[PDB]
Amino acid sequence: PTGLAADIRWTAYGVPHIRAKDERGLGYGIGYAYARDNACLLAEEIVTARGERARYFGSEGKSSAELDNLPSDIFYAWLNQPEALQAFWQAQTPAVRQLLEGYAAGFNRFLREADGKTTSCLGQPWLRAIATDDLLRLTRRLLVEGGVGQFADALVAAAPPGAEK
């Protein structure tokens, strides 16, 4: 019929075993299981990759990578511009698109049902339904960890000289 469906088994220590008939159902299971354990972590890291840390937390805080909120936000706003995200999505295979669509839907399903049993950030304005673009933002953040990501502060600091001697 449609659309997304997954069978999840958990063994000791909360390890999920996800079975599905296609990538979309598989992603659904992954997103739901991961949310049960780590919704707050993902939401925080998505705020970072969206360049919204200063909006929620102010200029005095840092990301989990220990970058100041504003320079981090400038870097991720630069990296994850709409045109970059859309080019990236357009280059994805149907299978990968489906994995990501399922993941977002599964994470969101858990959020709809969450009553705080395994989620400490219930009620925070930054804990919100996610989109496939948010997963692209996280992916690109990881992609550049071996490159321009290590120069985030240096990019933000790059300004032309003044009148100095």
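All residue numbers are counted from 1 along the displayed sequence.
Enquirer: On average, which has the higher Cα B-factor in the deposited entry, 115-123 or 49-57?
Expert: Comparing 115-123 with 49-57, the higher average CA B-factor belongs to 115-123.
Enquirer: Between 34-42 and 124-132, point out the one with the higher average CA B-factor as the PDB entry records it.
Expert: According to the PDB entry, the answer is 124-132.
Enquirer: Give the position of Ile8 by CA B-factor within its chain, expressed as the lowest, middle or highest third.
Expert: Ranked within chain, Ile8 CA B lands in the middle tercile.
Enquirer: Split the chain's modelled residues into thirds by Cα B-factor; is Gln81 in the lowest, middle or highest one?
Expert: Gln81: CA B-factor falls in the middle third of its chain.
Enquirer: Select lowest, middle or highest to describe the third in which the CA B-factor of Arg141 falls within its chain in this entry.
Expert: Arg141: CA B-factor falls in the lowest third of its chain.
Enquirer: Ranked by Cα temperature factor within the chain, is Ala157 in the lowest third, the middle third or the highest third?
Expert: Its C-alpha B-factor, which the entry lists for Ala157, ranks in the highest third among residues of this chain.
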